[PDB]
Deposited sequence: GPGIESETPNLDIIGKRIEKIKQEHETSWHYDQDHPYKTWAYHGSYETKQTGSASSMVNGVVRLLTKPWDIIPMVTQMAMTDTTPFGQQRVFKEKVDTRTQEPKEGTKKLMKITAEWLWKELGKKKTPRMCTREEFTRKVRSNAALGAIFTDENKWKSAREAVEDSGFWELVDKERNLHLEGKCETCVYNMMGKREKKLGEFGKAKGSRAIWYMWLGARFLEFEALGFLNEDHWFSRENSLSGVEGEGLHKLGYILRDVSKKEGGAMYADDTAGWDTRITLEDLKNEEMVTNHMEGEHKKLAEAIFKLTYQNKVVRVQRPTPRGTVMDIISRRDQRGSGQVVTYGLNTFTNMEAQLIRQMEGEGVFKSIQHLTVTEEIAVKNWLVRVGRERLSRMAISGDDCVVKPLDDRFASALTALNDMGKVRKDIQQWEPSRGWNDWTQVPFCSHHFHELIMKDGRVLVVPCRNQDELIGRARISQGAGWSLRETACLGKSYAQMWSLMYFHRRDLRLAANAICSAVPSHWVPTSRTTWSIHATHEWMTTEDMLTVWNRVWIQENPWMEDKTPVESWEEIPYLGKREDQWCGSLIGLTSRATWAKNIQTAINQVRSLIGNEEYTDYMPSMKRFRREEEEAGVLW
């Protein structure tokens, strides 16, 4: 407690000694309060909006640009649950770490991430200026030697829920735990259940492969506030990755887990305006990319235990018998890898095809681990899916699409209002017309490679690419990102969907976009197309006028028409 978190608080208290007041009317119940001291909207992308006029009247799209679960506690699991988790976590770190060696990530790797503008969750006005200043690295090394001493001084979170930190503390986490993402621990090759690095164009093929396994329904239960339901027992099972480490790495990693995760300190603004300095032991508080890997790990653990419950491996969560323990251990060594293969897990998001539908009502371990299901009553059996093309995963569903030549594409899809509404939004200040145009181009190229099968998005993508100068490079201030490039989109399409695609045996290239199919006209409408509306027909007819409006605003530049690629603009 105060041994570990004190110095961090005491250092903050000193710097605001003239304004340090113990607020007696503090709203916290489950967070520990310590003291208080005196102390960013969505912006519309104009290029994308001018080329999507029909959507200017559609509520869902328009309203996307307009505009307390942290203060809950999580009961400690029973003895049987805690034993199931410890055994499963032990086994899972071994299976993951069999083909992978834990290592420290380097200043040089970290600096490359800041120079390439990667999201680290920092709070020198820029990351670039800090990694170039040798002073900072002296601050880092001071904390570093404090961590080797088993102590902490400057690793405090800043809730604004994304918890930001000073770049230093971010480096110390990346140095100790970055290997999990940097070395692809949660790849489908190393993990069997994971999809890390897969890409949207892979995920449908993966869920079709899971479908092929004999068993029951596909389950895709969402957890009600996953990050808030991470227990101290969860954090202790995650910490066992240090059992596979040695030297400066093992001790440094041990310090991230014990000083920053298993104990924390946070600064949250309250408008009554005072900064509160609060602490707690449990719940997920770490960088997004580490949080992704540890969420995947604990989700993989939880779903193997739910599978064990459905299969009758153990009878009660109250207490595991020594005989139950060896059976659990034997199930893992015998069938564990096959069971991990029956799942697709992306952080808190899962799809599970269990051995049979007993899984649907195997709820005692899942509820006792704190992973309570969203939108369903505590003890009501899960609703399963009887077709892989209906299963929700990573905010998508997936269609099976037949090319005129008989080859099979499995494509990603979601309601089209969501896609158009997101592409119309840009975050942050000081965007030039050129910067705004290059972000619109990034969305257009993504639609050409991921959503080419939606009539409205292939047309709007061709319009935006025709309105932005051909040689201007697509941008994104903040999954694979193959659409990010200046190469021909047809060349990239052929690479992604034909050349690289392990599910496509015939490698015969496509030589025209008209060889690339759409969903059925009725299916397109079901997934939110405006085909059949008068607004959409006038937009399609008159698209060159919209393109020319945006060209006139950007000015005299090198422009390439990409509308002739489509049959209806081809003479």
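Stretches of the deposited sequence lacking C-alpha coordinates, numbered from 1: 1-9, 49-53, 82-93, 150-155, 193-209, 322-324, 531-535, 629-637.
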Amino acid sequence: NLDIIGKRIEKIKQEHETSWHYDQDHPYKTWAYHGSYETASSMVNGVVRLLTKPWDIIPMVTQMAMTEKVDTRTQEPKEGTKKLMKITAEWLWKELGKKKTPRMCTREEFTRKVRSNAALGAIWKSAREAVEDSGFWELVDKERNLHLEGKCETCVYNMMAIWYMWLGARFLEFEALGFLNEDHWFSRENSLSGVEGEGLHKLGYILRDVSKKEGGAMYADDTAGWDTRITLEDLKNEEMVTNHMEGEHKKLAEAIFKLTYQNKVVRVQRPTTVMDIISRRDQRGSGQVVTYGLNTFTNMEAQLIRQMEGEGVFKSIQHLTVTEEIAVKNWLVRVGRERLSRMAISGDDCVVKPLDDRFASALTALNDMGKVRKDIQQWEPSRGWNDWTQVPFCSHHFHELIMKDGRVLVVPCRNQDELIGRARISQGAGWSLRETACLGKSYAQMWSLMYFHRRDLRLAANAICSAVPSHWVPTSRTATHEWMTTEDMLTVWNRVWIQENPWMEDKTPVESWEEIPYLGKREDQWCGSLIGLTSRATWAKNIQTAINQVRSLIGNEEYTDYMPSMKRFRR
From here on, numbers count along this sequence of modelled residues.
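Take the two forms, find the largest set of C-alpha atoms that superpose within 1.5 Å, and that set is the rigid core.
Between stretches 521-529 and 540-548, greater average Cα displacement in 9 other deposited structures of this protein relative to the shown form, fitted by the core, falls on 540-548. The segment moving more, judged by mean Cα distance from this form in 9 other deposited structures of this protein after a core overlay, is 553-561 among 553-561 and 11-19.
Annotation: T478 belongs to the positions left without coordinates in at least a third of the other compared entries, with flanking residues modelled. In the comparison with other entries of the same protein, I123 is left without coordinates in at least one third of those covering both sides of it. Note on 91-99 vs 312-320: mean CA B-factor is higher in 312-320. As the entry records it, the average C-alpha temperature factor is higher for 373-381, out of 373-381 and 442-450. Remark: of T223, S476, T491, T389, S476 shows the highest value [criterion: C-alpha B-factor in the PDB entry].
Per the deposited coordinates, the residue with the largest Cα temperature factor out of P354, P412, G197, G135 is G135. Per the PDB record, residue ranking by Cα B-factor puts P27 in the highest third of the chain. In the deposited entry, the Cα temperature factor of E76 places it in the highest third of its chain's modelled residues. In the PDB entry, a CA B factor belonging to the lowest third of its chain's modelled residues is recorded for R49.
Among the modelled residues of its chain, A540 has a C-alpha B-factor that falls in the lowest third according to the deposited record.
Split the chain's modelled residues into thirds by C-alpha temperature factor. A40 is in the highest one.
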